[PDB]
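Here is the structure we will look at, set down as structure tokens.
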Amino acid sequence: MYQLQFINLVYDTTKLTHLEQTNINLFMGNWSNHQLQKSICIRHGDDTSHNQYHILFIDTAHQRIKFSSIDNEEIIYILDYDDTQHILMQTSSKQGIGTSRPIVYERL
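Those letters in the sequence shown? Residues 1 to 108, by the entry's author numbering.
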């Protein structure tokens, strides 16, 4: 059994450009990392969702999104695109020393 974390991105898509939506959409889905025995489910949630996250930046040049949990802005998640079946997720704290390596997640 793996641990499954939900990430519900909260945003009004009617206010985004098509390019912005395309870039967020690269990260939607069910993802897993074998070594960590961890899965993540990244979805477009809303105000009814638990596990809500606010997008800080959508980098359409580099296919990266940054986001944080609504009330815990000390931990920034950064997702990078690898291919249709792989994304990278980094969890970072401004207050820490060093780099947490991004972790490769494969699509389920």
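The beta-carbon is built from N, C-alpha and C at its ideal position, and this holds for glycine as well.
Using the Cα positions of residue i and residue j, report the straight-line distance between them to the nearest angstrom.
i, j, result
"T60", "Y2", "32 Å"
"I7", "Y105", "14 Å"
"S32", "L108", "6 Å"
"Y53", "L79", "13 Å"
"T99", "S92", "8 Å"
"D46", "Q95", "29 Å"
"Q90", "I24", "16 Å"
"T13", "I103", "27 Å"
"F57", "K15", "14 Å"
"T17", "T84", "21 Å"
"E20", "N30", "20 Å"
Please go through the same chain and pick out, in chain order, the residues whose beta-carbon is closer than 7 Å to the beta-carbon of residue i, but skip the five residues on each side of it.
i, result
"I55", "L9, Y11, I65 and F67"
"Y81", "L26, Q63 and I87"
Within a Cβ cutoff of 6 Å, which residues of the same chain sit near residue i, ignoring the five residues on either side of it in sequence?
i, result
"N51", "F6 and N8"
"residue 109", "Given a span of 1 to 108 for the chain in the structure shown, any question on residue 109 remains unanswerable."
"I42", "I7, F27 and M28"
"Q37", "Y2"
Just reading off the alpha helix (DSSP H) that residue i is part of, what are its end residues?
i, result
"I24", "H18 to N25"
So if DSSP puts residue i in a beta bridge, which residue, or which two residues, is it bridged to?
i, result
"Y77", "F67 and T91"
"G96", "For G96, which the question treats as bridged, DSSP gives no partner whatsoever."
"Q5", "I40"
"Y53", "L9 and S69"
"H86", "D83 and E106"
"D59", "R64"
Along the chain, where does the beta strand (DSSP E) containing residue i start, and where does it finish?
i, result
"residue 118", "Not covered by the structure: residue 118. The range shown for the chain is 1 to 108."
"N33", "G29 to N33"
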